[PDB]
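Student: One file: coords.cif (mmCIF, C-alpha atoms).
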```
data_data
loop_
_atom_site.label_atom_id
_atom_site.label_comp_id
_atom_site.auth_asym_id
_atom_site.auth_seq_id
_atom_site.Cartn_x
_atom_site.Cartn_y
_atom_site.Cartn_z
CA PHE A 11 -136.07 -51.09 111.28
CA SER A 12 -136.17 -47.32 111.79
CA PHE A 13 -132.37 -47.09 111.59
CA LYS A 14 -132.29 -49.08 108.34
CA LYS A 15 -134.69 -46.59 106.76
CA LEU A 16 -132.06 -43.87 107.19
CA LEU A 17 -129.16 -46.06 106.03
CA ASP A 18 -130.30 -46.43 102.42
CA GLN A 19 -131.30 -42.77 102.17
CA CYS A 20 -127.68 -41.57 102.11
CA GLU A 21 -126.47 -44.33 99.77
CA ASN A 22 -127.86 -43.04 96.46
CA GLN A 23 -127.09 -39.34 97.01
CA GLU A 24 -123.39 -39.80 96.22
CA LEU A 25 -124.07 -41.66 92.95
CA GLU A 26 -126.00 -38.83 91.27
CA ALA A 27 -123.86 -35.69 91.32
CA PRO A 28 -123.86 -32.63 89.01
CA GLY A 29 -120.12 -33.05 88.41
CA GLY A 30 -119.19 -36.38 89.99
CA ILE A 31 -118.49 -34.72 93.36
CA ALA A 32 -121.10 -34.34 96.09
CA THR A 33 -121.27 -31.93 99.04
CA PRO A 34 -118.64 -32.39 101.78
CA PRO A 35 -121.03 -33.45 104.58
CA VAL A 36 -122.42 -36.26 102.40
CA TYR A 37 -118.90 -37.67 101.98
CA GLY A 38 -118.27 -37.56 105.73
CA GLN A 39 -121.49 -39.34 106.66
CA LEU A 40 -120.79 -42.32 104.38
CA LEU A 41 -117.28 -42.79 105.78
CA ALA A 42 -118.57 -42.67 109.36
CA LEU A 43 -121.43 -45.06 108.59
CA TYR A 44 -118.99 -47.55 107.04
CA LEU A 45 -117.07 -47.59 110.33
CA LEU A 46 -120.26 -48.37 112.25
CA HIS A 47 -120.95 -51.41 110.03
CA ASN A 48 -117.32 -52.63 110.34
CA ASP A 49 -117.10 -52.72 106.51
CA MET A 50 -113.42 -51.73 106.42
CA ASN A 51 -112.71 -52.45 102.75
CA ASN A 52 -115.35 -50.08 101.38
CA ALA A 53 -114.39 -47.43 103.95
CA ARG A 54 -110.79 -47.61 102.71
CA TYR A 55 -111.91 -47.40 99.07
CA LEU A 56 -114.16 -44.41 99.81
CA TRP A 57 -111.16 -42.51 101.18
CA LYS A 58 -109.22 -43.34 98.01
CA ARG A 59 -112.24 -42.11 96.01
CA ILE A 60 -112.29 -38.58 97.46
CA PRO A 61 -110.28 -36.16 95.30
CA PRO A 62 -107.15 -34.80 97.00
CA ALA A 63 -108.27 -31.18 96.56
CA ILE A 64 -111.43 -31.51 98.66
CA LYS A 65 -109.63 -33.89 101.05
CA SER A 66 -107.16 -31.18 102.10
CA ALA A 67 -109.87 -28.49 102.06
CA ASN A 68 -111.87 -30.05 104.92
CA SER A 69 -109.92 -31.40 107.89
CA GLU A 70 -113.17 -32.86 109.28
CA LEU A 71 -112.83 -35.65 106.70
CA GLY A 72 -109.30 -36.37 107.93
CA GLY A 73 -110.54 -36.80 111.49
CA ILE A 74 -112.79 -39.64 110.34
CA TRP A 75 -109.87 -41.33 108.56
CA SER A 76 -107.55 -41.14 111.59
CA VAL A 77 -110.13 -43.05 113.63
CA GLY A 78 -110.65 -45.47 110.75
CA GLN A 79 -106.94 -46.23 110.60
CA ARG A 80 -106.91 -47.34 114.24
CA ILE A 81 -109.93 -49.64 113.87
CA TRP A 82 -108.35 -51.05 110.69
CA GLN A 83 -105.44 -52.38 112.79
CA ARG A 84 -107.91 -53.60 115.46
CA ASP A 85 -106.16 -51.36 118.01
CA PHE A 86 -108.82 -51.34 120.71
CA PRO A 87 -106.84 -49.27 123.30
CA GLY A 88 -105.98 -46.73 120.59
CA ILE A 89 -109.35 -46.10 118.93
CA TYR A 90 -110.75 -44.61 122.15
CA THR A 91 -108.06 -41.91 122.05
CA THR A 92 -108.41 -41.00 118.36
CA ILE A 93 -112.21 -40.72 118.68
CA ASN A 94 -111.61 -37.89 121.18
CA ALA A 95 -108.52 -36.24 119.65
CA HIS A 96 -110.74 -34.12 117.38
CA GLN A 97 -114.10 -32.49 118.10
CA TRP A 98 -116.99 -33.38 115.79
CA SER A 99 -119.85 -30.93 115.22
CA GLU A 100 -123.39 -31.88 116.27
CA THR A 101 -124.32 -32.75 112.67
CA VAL A 102 -122.05 -35.84 112.67
CA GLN A 103 -121.61 -36.22 116.45
CA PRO A 104 -124.50 -38.68 117.06
CA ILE A 105 -122.99 -41.15 114.57
CA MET A 106 -119.72 -41.16 116.53
CA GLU A 107 -121.73 -41.64 119.73
CA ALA A 108 -123.01 -44.93 118.25
CA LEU A 109 -119.68 -46.12 116.82
CA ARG A 110 -118.10 -45.85 120.28
CA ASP A 111 -120.78 -48.09 121.80
CA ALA A 112 -120.42 -50.60 118.96
CA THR A 113 -116.66 -50.81 119.55
CA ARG A 114 -117.29 -51.15 123.29
CA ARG A 115 -119.64 -54.11 122.83
CA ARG A 116 -117.31 -55.67 120.25
CA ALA A 117 -114.49 -55.82 122.81
CA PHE A 118 -116.81 -57.40 125.39
CA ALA A 119 -117.76 -60.23 123.04
CA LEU A 120 -114.17 -60.78 121.88
CA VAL A 121 -112.77 -60.98 125.42
CA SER A 122 -115.43 -63.41 126.67
CA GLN A 123 -114.81 -65.74 123.70
CA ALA A 124 -111.10 -65.57 122.81
CA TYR A 125 -109.72 -65.24 126.37
CA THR A 126 -109.94 -67.61 129.33
CA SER A 127 -107.86 -65.36 131.61
CA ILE A 128 -107.07 -61.70 130.94
CA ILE A 129 -105.17 -59.11 132.97
CA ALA A 130 -107.41 -56.40 134.40
CA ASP A 131 -105.04 -53.81 132.91
CA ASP A 132 -105.49 -55.19 129.39
CA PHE A 133 -109.23 -55.88 129.71
CA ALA A 134 -109.93 -52.32 130.84
CA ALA A 135 -108.13 -50.93 127.79
CA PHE A 136 -110.27 -53.23 125.63
CA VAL A 137 -113.73 -52.38 126.98
CA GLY A 138 -112.67 -48.72 127.12
CA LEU A 139 -113.67 -47.78 130.67
CA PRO A 140 -110.99 -48.17 133.37
CA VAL A 141 -113.17 -46.04 135.64
CA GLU A 142 -115.87 -47.95 137.52
CA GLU A 143 -115.88 -51.49 136.08
CA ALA A 144 -113.14 -52.57 138.50
CA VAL A 145 -115.48 -52.92 141.49
CA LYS A 146 -118.86 -53.37 139.76
CA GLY A 147 -117.88 -56.43 137.73
CA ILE A 148 -117.10 -58.65 140.71
CA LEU A 149 -120.57 -58.76 142.26
CA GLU A 150 -122.98 -58.07 139.39
CA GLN A 151 -121.92 -60.20 136.40
CA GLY A 152 -120.45 -62.87 138.68
CA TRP A 153 -116.93 -62.89 137.21
CA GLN A 154 -114.55 -63.86 140.00
CA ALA A 155 -111.68 -61.38 140.23
CA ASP A 156 -108.36 -61.83 142.04
CA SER A 157 -106.39 -58.76 143.10
CA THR A 158 -102.56 -58.45 143.11
CA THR A 159 -102.20 -60.86 140.17
CA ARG A 160 -105.05 -58.99 138.41
CA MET A 161 -106.66 -61.91 136.58
CA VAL A 162 -110.25 -61.86 135.33
CA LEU A 163 -112.05 -65.15 134.62
CA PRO A 164 -114.78 -64.80 131.97
CA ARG A 165 -117.53 -67.42 132.17
CA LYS A 166 -119.96 -68.69 129.56
CA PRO A 167 -123.69 -68.17 130.29
CA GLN A 195 -144.94 -75.43 108.20
CA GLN A 196 -142.28 -78.11 107.68
CA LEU A 197 -144.65 -80.52 105.90
CA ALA A 198 -144.87 -78.21 102.88
CA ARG A 199 -141.07 -78.17 102.57
CA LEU A 200 -140.85 -81.97 102.68
CA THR A 201 -143.52 -82.59 100.03
CA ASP A 202 -141.65 -80.15 97.78
CA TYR A 203 -138.65 -82.50 97.89
CA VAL A 204 -140.69 -85.59 96.98
CA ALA A 205 -142.64 -83.83 94.22
CA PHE A 206 -139.27 -82.88 92.73
CA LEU A 207 -137.56 -86.26 93.15
CA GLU A 208 -140.44 -88.34 91.77
CA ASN A 209 -140.80 -86.09 88.71
CA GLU B 110 -168.62 -131.38 95.11
CA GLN B 111 -165.56 -129.35 94.10
CA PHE B 112 -164.85 -127.87 97.52
CA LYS B 113 -165.62 -131.14 99.34
CA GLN B 114 -162.45 -132.63 97.81
CA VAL B 115 -160.15 -130.03 99.42
CA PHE B 116 -161.92 -128.92 102.62
CA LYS B 117 -163.10 -132.31 103.85
CA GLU B 118 -164.63 -131.29 107.19
CA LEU B 119 -166.29 -128.09 105.97
CA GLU B 120 -169.98 -127.64 105.23
CA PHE B 121 -172.45 -125.14 103.80
CA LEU B 122 -173.55 -122.51 106.31
CA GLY B 123 -175.25 -119.68 104.45
CA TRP B 124 -174.74 -116.96 101.86
CA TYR B 125 -173.64 -113.33 101.60
CA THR B 126 -174.53 -110.15 99.73
CA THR B 127 -173.36 -106.56 99.31
CA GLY B 128 -175.69 -103.63 99.92
CA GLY B 129 -177.34 -101.51 102.57
CA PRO B 130 -180.15 -102.63 104.86
CA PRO B 131 -181.86 -105.96 104.09
CA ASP B 132 -184.20 -105.79 101.10
CA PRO B 133 -187.24 -107.90 100.14
CA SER B 134 -185.19 -109.52 97.36
CA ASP B 135 -182.89 -110.72 100.14
CA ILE B 136 -185.89 -112.44 101.73
CA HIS B 137 -186.79 -114.22 98.47
CA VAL B 138 -183.18 -115.34 98.04
CA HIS B 139 -183.18 -116.53 101.66
CA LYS B 140 -186.35 -118.52 100.94
CA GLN B 141 -184.60 -120.07 97.94
CA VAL B 142 -181.53 -120.94 100.03
CA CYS B 143 -183.76 -122.49 102.70
CA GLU B 144 -184.57 -125.30 100.25
CA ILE B 145 -180.87 -126.24 100.23
CA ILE B 146 -180.19 -126.10 103.99
CA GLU B 147 -182.61 -126.05 106.91
CA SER B 148 -181.10 -123.09 108.81
CA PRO B 149 -179.04 -120.84 106.53
CA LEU B 150 -177.09 -117.84 107.74
CA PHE B 151 -177.12 -114.45 106.01
CA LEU B 152 -174.03 -112.25 105.89
CA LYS B 153 -174.25 -108.73 104.49
CA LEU B 154 -171.31 -106.46 103.65
CA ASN B 155 -171.81 -102.72 103.07
CA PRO B 156 -168.99 -101.29 100.92
CA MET B 157 -170.93 -98.01 100.68
CA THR B 158 -170.85 -97.42 104.45
CA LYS B 159 -170.10 -93.95 105.84
CA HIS B 160 -169.31 -94.70 109.49
CA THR B 161 -166.59 -96.21 111.69
CA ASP B 162 -168.08 -99.64 112.48
CA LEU B 163 -167.48 -102.83 110.51
CA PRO B 164 -170.01 -103.03 107.63
CA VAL B 165 -170.32 -106.79 108.10
CA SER B 166 -173.63 -107.75 109.71
CA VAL B 167 -174.80 -111.33 110.27
CA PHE B 168 -178.54 -112.07 110.27
CA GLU B 169 -180.66 -115.14 110.93
CA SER B 170 -184.09 -116.26 109.75
CA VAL B 171 -187.10 -116.18 112.06
CA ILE B 172 -190.54 -117.58 111.19
CA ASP B 173 -193.56 -115.70 112.54
CA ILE B 174 -197.09 -116.87 113.35
CA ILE B 175 -198.69 -113.60 112.22
CA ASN B 176 -202.42 -114.03 111.61
CA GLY B 177 -203.36 -114.51 107.97
CA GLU B 178 -200.39 -114.39 105.61
CA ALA B 179 -197.18 -115.92 106.98
CA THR B 180 -193.95 -113.92 106.72
CA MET B 181 -190.28 -114.42 107.61
CA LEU B 182 -187.98 -111.86 109.22
CA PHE B 183 -184.30 -111.19 109.89
CA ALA B 184 -182.86 -111.11 113.41
CA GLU B 185 -179.42 -109.54 113.85
CA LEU B 186 -176.53 -111.44 115.47
CA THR B 187 -173.39 -110.72 117.47
CA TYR B 188 -170.28 -112.12 115.80
CA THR B 189 -166.70 -112.64 116.95
CA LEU B 190 -163.53 -112.31 114.83
CA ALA B 191 -161.66 -115.53 115.62
CA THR B 192 -158.50 -116.11 113.58
CA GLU B 193 -155.85 -118.82 113.36
CA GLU B 194 -152.09 -118.37 113.46
CA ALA B 195 -151.40 -118.27 109.71
CA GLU B 196 -154.48 -116.17 108.99
CA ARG B 197 -153.44 -113.68 111.67
CA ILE B 198 -149.89 -113.50 110.28
CA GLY B 199 -151.20 -112.92 106.76
CA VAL B 200 -153.70 -110.26 107.83
CA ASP B 201 -151.06 -108.46 109.91
CA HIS B 202 -148.62 -108.51 106.99
CA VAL B 203 -151.23 -107.22 104.53
CA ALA B 204 -152.58 -104.45 106.78
CA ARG B 205 -149.15 -103.31 108.00
CA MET B 206 -147.58 -102.59 104.60
CA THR B 207 -148.53 -99.31 102.93
CA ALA B 208 -146.45 -99.44 99.71
CA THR B 209 -149.54 -100.17 97.63
CA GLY B 210 -149.76 -97.28 95.18
CA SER B 211 -149.52 -97.75 91.43
CA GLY B 212 -150.32 -95.48 88.49
CA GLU B 213 -150.81 -91.74 88.11
CA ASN B 214 -151.21 -90.87 91.80
CA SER B 215 -148.07 -89.90 93.70
CA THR B 216 -146.75 -92.11 96.48
CA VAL B 217 -147.42 -89.15 98.79
CA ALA B 218 -151.06 -89.56 97.79
#
```
Take the structure from the file and write it as structure tokens.
Tutor:
Amino acid sequence: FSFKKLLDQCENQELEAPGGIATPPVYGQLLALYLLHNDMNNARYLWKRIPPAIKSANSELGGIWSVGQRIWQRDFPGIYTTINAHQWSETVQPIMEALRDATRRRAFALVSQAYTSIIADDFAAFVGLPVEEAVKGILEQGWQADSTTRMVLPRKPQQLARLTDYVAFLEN
Amino acid sequence: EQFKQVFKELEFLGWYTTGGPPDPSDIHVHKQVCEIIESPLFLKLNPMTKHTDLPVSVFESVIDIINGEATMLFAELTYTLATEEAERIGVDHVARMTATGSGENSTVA
């Protein structure tokens, strides 16, 4: 609820502009927020909306688009590298800190649903952390893991008023 | 004479009325009925009842030996609800069905 209150605040600022062009940081926030909501079509159209002159002026905008290109191809092992290729200032940094978590949870849901057996090499590149999940996942979440072959096995875990509305409509 | 032609082995037993508690007029009508039959019954239905017991109440005449003027009183009775096969089937059929509405009121009502 609190997050939604900030979402609609940035929406209208771009529409009203003294000359049809808003300040650079407003443009960057909308593009990054589109990535967080997985709305890829509007994110692509926003990039096409920015004039070329301002686009080349600020390379910070280009850093958002390079990450957006990877997530547009659903390249899970590649988005984690582009999100760290550039350095984002603290004004836009917290938004990226939430997009990374959203991508991380998205891979977890996709693997558990679309895969019955997945190589540990490929699964680590999906979830994003090939650091400490190798040993922690065996005993905590209960997923049986087999070494050498490296196969992971995901496992699955008031009306009365409505009715009288129907009759009052049908009989009349 | 009319009903004797259809119900051969059936005889007069009493009368009935609709209302609340027994009234004096009920006692005069009972006195009138007593000229027809020696020991008449007296049924009384209460369509205006406001409780969960059957309004039907069966009474019986009692003659007192009160000193001076002589009066007659009503004594209540305990009645059963015996039915026959066809009567039971008909009553069950009538009381089971609920598609009885007709007119302005909705079938929901």
Student: Residues of chain A within 9 Å of chain B, counting only C-alpha atoms - could you list those as a PyMOL selection string?
Tutor: chain A and resi 201+204-205+208
Student: My list of candidates is B:199, B:206, B:124, B:151. Which is closest to residue B:184 when distances are computed with only C-alpha atoms?
Tutor: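 Counting only C-alpha atoms, the residue closest to residue B:184 is B:151.
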Student: Check which residues satisfy the PyMOL selection byres ((chain A and resi 81-83) around 10) in the file shown, then give them as a list in words.
Tutor: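 Applying the PyMOL selection byres ((chain A and resi 81-83) around 10) to the structure shown produces residues 45, 48, 49, 50, 51, 53, 54, 75, 76, 77, 78, 79, 80, 84, 85, 86, 87, 88, 89, 90, 92 and 113 of chain A.
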Student: Contacts of stretch 132-134 of chain A at 8 Å or less, counting all atoms listed in the file, minus same-chain residues fewer than 6 places along, as an MDAnalysis selection string?
Tutor: chainID A and resid 121 140 143
Student: Using the chain letters and numbering of this document, enumerate as a PDB file with C-alpha atoms, keeping the file's coordinate frame the residues selected by the PyMOL selection byres ((chain B and resi 171) around 8).
Tutor:
```
ATOM      1  CA  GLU B 169    -180.660-115.140 110.930  1.00  0.00           C
ATOM      2  CA  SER B 170    -184.090-116.260 109.750  1.00  0.00           C
ATOM      3  CA  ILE B 172    -190.540-117.580 111.190  1.00  0.00           C
ATOM      4  CA  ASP B 173    -193.560-115.700 112.540  1.00  0.00           C
ATOM      5  CA  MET B 181    -190.280-114.420 107.610  1.00  0.00           C
ATOM      6  CA  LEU B 182    -187.980-111.860 109.220  1.00  0.00           C
ATOM      7  CA  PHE B 183    -184.300-111.190 109.890  1.00  0.00           C
ATOM      8  CA  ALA B 184    -182.860-111.110 113.410  1.00  0.00           C
TER       9      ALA B 184
END
```
Student: Point out the residue among B:113, B:153, B:159, B:197 with the least atom-to-atom distance to residue B:132, counting all atoms listed in the file.
Tutor: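 For residue B:132, the nearest of the candidates is B:153.
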Student: Which residues are close to residue B:128, i.e. within 8 Å by only C-alpha atoms, leaving aside same-chain residues fewer than 5 positions away? Reply as a PyMOL selection string.
Tutor: chain B and resi 153-157
Student: If the PyMOL selection byres ((chain B and resi 146-150) around 8) were run on this exact file, what residues would it hold? Put them as a ChimeraX atom specification.
Tutor: /B:121-124,139,142-145,151-152,167-170
Student: Include C-alpha atoms and write out the residues we just selected as a PDB file, in the frame of the given file.
Tutor:
```pdb
ATOM      1  CA  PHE B 121    -172.450-125.140 103.800  1.00  0.00           C
ATOM      2  CA  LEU B 122    -173.550-122.510 106.310  1.00  0.00           C
ATOM      3  CA  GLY B 123    -175.250-119.680 104.450  1.00  0.00           C
ATOM      4  CA  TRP B 124    -174.740-116.960 101.860  1.00  0.00           C
ATOM      5  CA  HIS B 139    -183.180-116.530 101.660  1.00  0.00           C
ATOM      6  CA  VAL B 142    -181.530-120.940 100.030  1.00  0.00           C
ATOM      7  CA  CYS B 143    -183.760-122.490 102.700  1.00  0.00           C
ATOM      8  CA  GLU B 144    -184.570-125.300 100.250  1.00  0.00           C
ATOM      9  CA  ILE B 145    -180.870-126.240 100.230  1.00  0.00           C
ATOM     10  CA  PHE B 151    -177.120-114.450 106.010  1.00  0.00           C
ATOM     11  CA  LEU B 152    -174.030-112.250 105.890  1.00  0.00           C
ATOM     12  CA  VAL B 167    -174.800-111.330 110.270  1.00  0.00           C
ATOM     13  CA  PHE B 168    -178.540-112.070 110.270  1.00  0.00           C
ATOM     14  CA  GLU B 169    -180.660-115.140 110.930  1.00  0.00           C
ATOM     15  CA  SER B 170    -184.090-116.260 109.750  1.00  0.00           C
TER      16      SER B 170
END
```
Student: Using all atoms listed in the file, find the one residue out of B:165, B:115, B:208, B:218 that sits nearest to residue B:187.
Tutor: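 The closest residue to residue B:187 is B:165.
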Student: State, in Å with one decimal place, the distance from atom CA of residue A:55 to atom CA of residue A:25.
Tutor: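 Going from atom CA of residue A:55 over to atom CA of residue A:25, I get 14.8 Å.
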Student: Atom CA of residue A:149 and atom CA of residue A:109, how far apart in Å?
Tutor: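 So the answer is 28.4 Å.
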Student: Find the residue from B:214, B:176, B:166, B:209 that sits nearest to residue B:130; use all atoms listed in the file when measuring.
Tutor: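 Answer, going by the shortest atom-to-atom distance: B:166.
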Student: So which residues are close to (-125.0, -51.4, 109.9), meaning at most 12 Å away in the file's coordinates with all atoms listed in the file counted, and can you show them as number ranges by chain?
Tutor: A: 11, 13-18, 40, 42-49, 105, 108-109, 112
Student: So how far away is atom CA of residue B:125 from atom CA of residue B:137, in Å?
Tutor: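 Distance reported for this atom pair: 13.5 Å.
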Student: So which residues are close to (-113.6, -34.4, 106.1), meaning at most 10 Å away in the file's coordinates with only C-alpha atoms counted, and can you show them as a short mmCIF file (atom, residue, chain, number, x, y, z; two decimals) with C-alpha atoms, in the coordinates of the input?
Tutor:
```
data_model
loop_
_atom_site.label_atom_id
_atom_site.label_comp_id
_atom_site.auth_asym_id
_atom_site.auth_seq_id
_atom_site.Cartn_x
_atom_site.Cartn_y
_atom_site.Cartn_z
CA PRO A 34 -118.64 -32.39 101.78
CA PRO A 35 -121.03 -33.45 104.58
CA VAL A 36 -122.42 -36.26 102.40
CA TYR A 37 -118.90 -37.67 101.98
CA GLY A 38 -118.27 -37.56 105.73
CA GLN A 39 -121.49 -39.34 106.66
CA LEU A 41 -117.28 -42.79 105.78
CA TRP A 57 -111.16 -42.51 101.18
CA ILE A 60 -112.29 -38.58 97.46
CA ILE A 64 -111.43 -31.51 98.66
CA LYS A 65 -109.63 -33.89 101.05
CA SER A 66 -107.16 -31.18 102.10
CA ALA A 67 -109.87 -28.49 102.06
CA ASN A 68 -111.87 -30.05 104.92
CA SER A 69 -109.92 -31.40 107.89
CA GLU A 70 -113.17 -32.86 109.28
CA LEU A 71 -112.83 -35.65 106.70
CA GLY A 72 -109.30 -36.37 107.93
CA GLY A 73 -110.54 -36.80 111.49
CA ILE A 74 -112.79 -39.64 110.34
CA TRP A 75 -109.87 -41.33 108.56
#
```
Student: Pick out the residues sitting within 12 Å of residue A:30, and hand them over as a PyMOL selection string; count only C-alpha atoms, and ignore anything fewer than 3 positions along from it in its own chain.
Tutor: chain A and resi 23-27+33+59-61
